[PDB]
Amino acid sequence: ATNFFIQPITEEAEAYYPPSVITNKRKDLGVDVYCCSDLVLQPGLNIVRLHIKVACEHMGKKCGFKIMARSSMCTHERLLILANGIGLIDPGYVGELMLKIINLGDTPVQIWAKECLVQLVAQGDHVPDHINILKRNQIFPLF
């Protein structure tokens, strides 16, 4: 099996990540993840904090995962790309998930809290079975 573990680490993040076990019955490859707060993306590089700590596991072992833009991220009203193409998250990383987004236009772009600009893909592109939303301040499960 392949499972994700997402823990909100701020107040605004808790509103979008209440404790739950989410099943991927549609069997999509990506796990959508929220902005959790309104933000304005200036032209050029923007550092976006996702306000979550994430773990991925495959066959009982902690693995890495990848951050990929959703197709909806770039539109005619927002010329947005992920600076690093895809974000490579190593299994040893236990910090907060971050995004480097380049606004390629000359116009600042308003992003809303509920929007999901990116999705998480497990190492090896394995379909996630469950997305476990952990409680804030809890210790992550052992793998």
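Whichever C-alpha set is largest while still superposing within 1.5 Å between the two forms counts as the rigid core. All residue numbers are counted from 1 along the displayed sequence.
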The stretch that moves more in 5 other deposited structures of this protein, judged by RMS C-alpha distance from this form after core superposition, 20-28 or 120-128, is 20-28
Looking at the entry, does 120-128 or 11-19 show the higher mean C-alpha B-factor?
-> 11-19
Of the two stretches 74-82 and 53-61, which shows the higher Cα B-factor on average in the entry?
-> 53-61
Would you mind checking which of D32, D28, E96, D90 has the top Cα temperature factor in the PDB entry?
-> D28
Between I102, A113, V48, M68, which carries the biggest CA temperature factor in the record?
-> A113
Among the chain's modelled residues, which third holds the C-alpha B-factor of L41?
-> middle
